[PDB]
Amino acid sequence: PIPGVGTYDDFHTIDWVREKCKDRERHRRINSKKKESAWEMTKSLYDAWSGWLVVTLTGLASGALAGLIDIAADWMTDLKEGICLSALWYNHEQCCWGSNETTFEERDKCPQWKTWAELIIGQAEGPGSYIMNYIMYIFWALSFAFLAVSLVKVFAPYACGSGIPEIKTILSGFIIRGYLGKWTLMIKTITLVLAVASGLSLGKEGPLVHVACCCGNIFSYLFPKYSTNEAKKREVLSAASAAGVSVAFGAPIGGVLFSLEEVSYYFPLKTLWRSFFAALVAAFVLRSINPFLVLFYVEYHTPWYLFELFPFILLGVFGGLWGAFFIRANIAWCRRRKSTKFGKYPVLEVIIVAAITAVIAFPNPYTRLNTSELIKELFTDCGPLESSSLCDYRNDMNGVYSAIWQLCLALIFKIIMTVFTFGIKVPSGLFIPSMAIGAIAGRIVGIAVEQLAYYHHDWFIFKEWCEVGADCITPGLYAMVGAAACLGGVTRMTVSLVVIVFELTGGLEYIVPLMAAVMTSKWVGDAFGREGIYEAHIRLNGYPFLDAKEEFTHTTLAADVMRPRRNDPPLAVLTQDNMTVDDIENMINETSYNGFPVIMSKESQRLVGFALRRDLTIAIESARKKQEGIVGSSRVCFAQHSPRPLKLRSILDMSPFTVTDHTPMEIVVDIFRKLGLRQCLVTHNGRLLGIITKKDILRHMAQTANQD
């Protein structure tokens, strides 16, 4: 065929049927030449193993990048607190790792690590030291945020945000050139570490998926099968997303489930195993780099009791209640950024948000602590070996009020800041903030339950289930349940979320609680809206995304969505013969239609095929270059084989999808979703009457939603 045929412009949807046709044609061509020569056999073998090789490379790259990002973020987050002069490349934990000056009260206290006050003022303690630590923390947060936003803006503007919504749109057939490119990969890799160091209310777990999605895309250029076909490239992208989730949470099964449930519009059977293998390889790479078998390991000796489900369900009620609120809040803010004037100053907005976050976080120990480290601490149980402040009250009698107040203040601060942090022009993840909020809520609930059980053990439930004066209630489990509930409420993921939490915890004994909590949260979220945060952002950005939930009215019919309608003039049509190249070029230039139907005759209106505008222009230009005399006067004939008429039957889709005008849109939407059609041709009495494009369906659904 003519070079460039079958390609698409930026910000356009792909035709899955045509992609499958091209893939099958290429497979036939490759397999036909296998017997021709040994080199052809080797090429065919490479083509067969192209999927395995690309998934392996994507997993390796994702694991390496995740390990590097984690290590760099851990190293930089402690630069705000102080510096290790002896080894500038060691964070607070690593600098104090091998020091014998440690103390039981302070595990990370050793003379090697010097706080900024000691570096400049020269005193480790005192009002001046505290003031200088405050100022240096603020300055470092501002510097990191400014560097991240500047790098995002200058080099890869697409690196901002989690990227899960855009990945969801892309995997549905949308095209965003440069989103999954090398520049975006590098810039997001650097800026994720920078933003996590800045201390903003965001995470690097969810965004890592984008990183993975980038790597595979790049690797898709090393294999012609996946470089030339968009559907195969999107399958590779789904595998990359699974690997990214796996490295983010160390949950290969959870990553595969997330890919299947959230981001993959189409998930063939082979993609399941390919994604699983890629995720496993990436997890192996991370385990061979980062450790220096679970991240949020927990040890709840007491098995969870049945009555504890009731508090857990309560956490679910919270998890949804915040979730929906966030969806109502963040979007309300994000839309404002797209409508008000503060969106014209992204760098200033990021700097101000970082300033506020650091200023309000430094005074409170929980907020100052890293969000991932805060979740780690909240997930641990209280015991004689531990010396966390949260457990102080337990050691005092068995201040609880002070700890509860601090936790509540941290929860309020994180809830308020996550709304203003998500959507800014830096790589921002929603998993870590939501998990931290839910963990704080669950820790508070568990502390309350423990206090009730200890002080009121006379109650029949506690006495029967719990031995008097026993540590049956584990606040760590409550924090885990709260984190899972909040994540489910904000994202609405149900099975992938539970499996990811279980893998990131390693505890299979708490599957039933988590699930239940998640369920509750989801339902509560669905009470205030069935759209998740990612889907809400997709709608806000106006991406052409079609979801199974969206449905049309029963009365609506195909005739009500046909493009020609009444006011619009007759839809562009190409005659089979007796038509000049100049006419085709003029029609292409005049109209923005993605494609044009072809009819036997203007009066007959008997359908022949569909000619895409891009293919039309590419073929016309290539024919003009190759063959002399094509000056626009030569006629163009689409019929099967002096003027040397141009032959355009190759670029013609001889089997355009056709539906009847009386067919309800209820079935048209189902056809579009299942088959991934880009356009359908509504016919009546065997002739062409109109065209219904995926854009028309999306516009109708958006209008109906706006009316609501």
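Each form is matched to the other, and the largest set of C-alpha atoms that superpose within 1.5 Å is called the rigid core. The numbering used is simple: start at 1 and walk along the sequence shown.
In 4 other deposited structures of this protein, superposed by the rigid core, the C-alpha atoms of 33-41 lie farther from the shown form than the other of 668-676 and 33-41. Between stretches 303-311 and 546-554, the one whose Cα atoms sit farther from the displayed model in 4 other deposited structures of this protein on average is 546-554 (core-aligned, root mean square). Across the other compared structures of the same protein with both neighbouring residues present, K109 lacks coordinates in at least a third.
In the record comparison, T494 is modelled in each of the other entries of this protein that model the residues flanking it, with no third of them omitting it. The stretch of deposited sequence separating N398 from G399 contains 10 or more residues lacking coordinates in this entry. In terms of unmodelled positions of the deposited sequence, the stretch from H641 to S642 in this entry skips 4 to 9 residues.
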